[PDB]
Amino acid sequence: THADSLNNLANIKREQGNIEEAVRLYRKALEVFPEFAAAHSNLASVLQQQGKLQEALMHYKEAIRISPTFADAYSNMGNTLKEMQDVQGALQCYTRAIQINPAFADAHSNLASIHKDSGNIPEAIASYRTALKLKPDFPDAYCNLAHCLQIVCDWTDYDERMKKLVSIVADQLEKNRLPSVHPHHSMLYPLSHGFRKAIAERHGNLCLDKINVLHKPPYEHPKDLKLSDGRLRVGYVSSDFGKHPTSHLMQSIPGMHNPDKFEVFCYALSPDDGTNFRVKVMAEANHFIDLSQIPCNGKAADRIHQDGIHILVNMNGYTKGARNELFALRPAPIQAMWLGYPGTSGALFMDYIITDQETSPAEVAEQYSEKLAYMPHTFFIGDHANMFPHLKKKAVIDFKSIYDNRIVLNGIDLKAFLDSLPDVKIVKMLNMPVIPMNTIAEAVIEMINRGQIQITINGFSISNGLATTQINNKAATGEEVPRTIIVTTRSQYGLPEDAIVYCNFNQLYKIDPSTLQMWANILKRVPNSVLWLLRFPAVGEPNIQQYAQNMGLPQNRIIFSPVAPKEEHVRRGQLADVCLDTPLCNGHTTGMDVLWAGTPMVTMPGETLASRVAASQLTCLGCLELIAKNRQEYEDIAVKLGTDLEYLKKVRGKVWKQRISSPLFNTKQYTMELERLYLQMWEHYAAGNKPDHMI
């Protein structure tokens, strides 16, 4: 009981976030009673939380050695192995825990989680059900299951699930315990802005607790530019400098920064994945530092202090790979959220969120913990101009007698191929070449229908858009610009040559009952037309098909394609007429993708940052007519775009031109505007004020 009292205290000191004192106490417990299984296992869990994973494992095994049937040690060891990427060891432990005790609900939930992460959603669902059946009051398992069901669009008892998620969160915040809804997901559920902000705040608070063991004073922050030769030192922190959407958005930014006034440091939180994305940020940033090499957060945060960073930019928020502990230690006087996280951090350690007036209006500043810092057009950016310049221009083949989106050719050398052809008609819009149905035209369409990889016409290489990974796998990922002429057609994706194609290329989780109802309403109003979605994942397809049958729609109306390599995804958006944006959470990166194809996107901005991004893109692009203030307006815009064929031609033309004329895809301009705002943020601080809203 001397030992027990130390252990029980340590357990409470841990629930409190007092991690150092918990450790001392478990050690003191083991000093007093060495053969104490539960204190080994508890010490192991807190060593795991601190990142000391080998030490943790050692205590888990001691605990198991003392009590061979201690299922909870196996279950928590499982988690430690999973955090070390030893998926096999994790599974060997979880399953051993469930063999020892099949009624052990925590083990079931942990197994479910590793099922979900591995891509086995039906098994994750089954195992969370088992957990909830063994322990019906189990917030983590319930909310994590609610996410799996979201992912595959299972909306069985949707309305009660939703209010159940809200009361769990209310109840968790009452008791100031960590909410089981993850902050990144909180935009999907009908919670108050207060709750979303508090969810975030509580997750930021974990980071504050992990760093207190280090006992670091506040750092001393440079108050003028004088020892950095008059340059604002800016530090971009990301797990995503590699093959990740973040790099697909901002890889050109670092190297566009003005080196007379700015000095750029990229802090990678991930190791080098071998991709051009990584190579480019490493080459073009003034300094590149691999923090994944320096796991200790105090030592890593030191580097950032000694580099001299003025502004430290958090590109992760609450996403995978985050090390927000870095920002909790405040190695810099200005710390801003940018681009990668579509929400508020909720934490005191972040000063601004870089956003914009259309995304985060003045009125809803209470949504965020941070002060608003406006970019002048949209905060969103895309590297599409650099990545996919072969999509700047297109040509078509005229199959009968003229469509912009049926049979499409793109290529760096397309002009020259065209000029090699006997008859080619130009159609004003600036212009779209049309290849009439010659022998040449027929050879192409045959390669497609035959599933052939490529053919040669007049010395030019003509590639099947379905086969890019076989021709050049770096061009499929967007790492290289394709060096051939590529053909893309509705035929390849089983789309009708003779009807309207509405699209949405997002992960299926962004869809909800209301949203699919609106889509159904639109398709019923526009006979012939189809809705073009992705298998993202594939096991969500029958749920979507069934809920749409129930709403009115015959089956043939919704066509699913596989997820494609990056360049094919962006290229194929050309085959659509219109994109219907998800209002619950908009296409963000996916919105830029569709617009770069020239495809107009209809959207209904909501309240959340996540539900207003597409509206900011369209504003910047200058297509206010595509933004709806309610559901009836969205369906009328979309039905109008599928029936008024001349207005469709006009709207398309505007998107097609304005993707070049507008600022949307103008990385140099974006960068220069980002620079102004960074300097605004710096002035307002050197004149010793503290963060305030910038507009």
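Residue numbers here begin at 1 and follow the sequence given.
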item	value
Size class of the missing deposited segment between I448 and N449	none
Mean C-alpha temperature factor, higher of 221 to 229 and 489 to 497	221 to 229
Entry-level comparison of average CA B-factors, 375 to 383 and 193 to 201, reporting the higher stretch	193 to 201
Candidate residues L466, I354, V427, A126, the one whose C-alpha B factor the record puts highest	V427
Selection by C-alpha B-factor (highest) of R572, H244, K510, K524	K524
Third assignment of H257 from its chain's C-alpha B-factors	middle
Entry-reported Cα temperature factor of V32, expressed as the chain third it lands in	highest
Chain-wide C-alpha B factor ranking for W596, given as lowest, middle or highest third	lowest
Third assignment of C623 from its chain's C-alpha B-factors	middle
Chain-wide C-alpha B factor ranking for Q54, given as lowest, middle or highest third	lowest
